[PDB]
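What follows is one chain in structure tokens, specifically the form deposited in one PDB entry.
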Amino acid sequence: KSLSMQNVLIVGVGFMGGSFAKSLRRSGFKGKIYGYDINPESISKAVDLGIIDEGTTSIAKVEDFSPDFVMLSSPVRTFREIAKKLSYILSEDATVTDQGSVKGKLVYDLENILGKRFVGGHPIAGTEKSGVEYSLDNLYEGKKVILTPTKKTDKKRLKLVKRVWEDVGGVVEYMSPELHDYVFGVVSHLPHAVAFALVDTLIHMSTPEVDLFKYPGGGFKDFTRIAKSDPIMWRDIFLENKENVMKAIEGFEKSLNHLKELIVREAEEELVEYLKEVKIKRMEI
């Protein structure tokens, strides 16, 4: 068939950018796969592992790569400024998309920056990890990938990006940018927030003689986990999606306060009921 893609640019050649790179080449993409990063060593590791053909830490060099498909894979807050530079560098017919964990306002701003080139996406792909050395060539298989079109998005580009994620094995679905940021503020951002705060709880509730981290086997262990998420990624998510993050935190307090009220009142059947309902809902997934 056809060559709807010649040179792709990976912006942010880390764990997620590298896995997209890897997955792409392994789906049969024959074109040039390029890297842009602020960290030269990110570029260096990537080249040495085969993950990219050539890169640079100068944004302007990127023009010599003539890229027609850009995957933004650096922390979300770097996107606007990178986009502003790319809007002069990139052809009118290049396609730009992303893997950032928040959409919402950012998608509208990137459309305004890159015009019709932009399509928002977010793969709901787990395994935590950081850095290109960990990137995987089968990361997106089976996972949902959310694209956030608006009435402004170019349908043919939306079609391209959707298909690219199918080639790497993602199962694609559409959501408004605003719905995305409510949903994931609740189902993703909130659990990380409370995990972070739990770990903080054991810090300040320890005494000098009694380290509480010595006893993880009673429920704490699982929280130990994506509490080891990247602080930069999470600071970035928490602020960029601040309003939904806050509303999600408010609802959790509502549930936590209900459970508290029951324990205080020393209820019992009510308490048992409440716990059976959440067990049931949690089991259904």
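In case it trips you up, residue 1 is the first one in the sequence shown, and so on. For clarity, a rigid core is taken as the largest C-alpha set superposing within 1.5 Å between two forms.
Stretches 36 to 44 and 226 to 234 differ in mean C-alpha B factor, with the higher average recorded for 226 to 234. Look at the mean CA B-factor for 123 to 131 and for 88 to 96 in the entry; the higher one is 123 to 131.
For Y140, the recorded CA B-factor ranks within the lowest third of the chain. Only modelled residues enter the ranking. When all modelled residues of the chain are sorted by CA temperature factor, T56 is found within the lowest third. Ranked by Cα temperature factor within the chain, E243 sits in the highest third according to the deposited record. Per the PDB record, residue ranking by Cα B-factor puts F220 in the highest third of the chain. When the modelled residues of the chain are ordered by their C-alpha B factor, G104 lands in the highest third.
Below, we refer to the form deposited in another entry, which is not included among the displayed structures.
When both forms sit on the same rigid core, the CA shifts between this form and the one not shown reach 2 angstroms or more only at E128 out of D109, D154, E128, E178.
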